[PDB]
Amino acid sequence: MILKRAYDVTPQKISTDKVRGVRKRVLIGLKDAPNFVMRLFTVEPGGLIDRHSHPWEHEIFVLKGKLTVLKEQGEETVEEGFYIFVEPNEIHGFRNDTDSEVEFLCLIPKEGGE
């Protein structure tokens, strides 16, 4: 059994043409997980994960702040205490329009990698 403070997992900066101002912690990764992986994303103020889609679903829980969720059209802001289920193939992305960091858990089946 593994019991660990998530903050102590070293975050990975992601900074690409589609993703800026994001950090990703892999809490339960391919090394441990039989079926699905557990990540924790931090989105800095102004951070953006562009619209994209995957052949797998996402299961998300918003841990901190106000997360702007981009949909195939339009967007919806939700806050800490919301869960999100993104169906397979659904176009989606995320933005932080607030002045403080936003955090969410994001789990995918292991075919999506870690």
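Don't overthink the numbering: it's just position in the shown sequence, from 1.
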Query raised in the report: Of the other entries that cover residues on both sides, do at least a third skip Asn96?
Result: no
Query raised in the report: How about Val9: is it missing from at least a third of the other entries compared?
Result: no
Query raised in the report: Higher mean Cα B-factor in the deposited model: 44-52 or 57-65?
Result: 44-52
Query raised in the report: Looking at the deposited entry, does 76-84 or 24-32 carry the larger mean Cα B-factor?
Result: 24-32
**Report entry** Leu107, C-alpha B-factor rank within chain (lowest, middle or highest third)
**Finding:** lowest
Requested in this report: Place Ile91 in the lowest, middle or highest third of its chain's C-alpha B-factors, as listed in the PDB entry.
Outcome: lowest
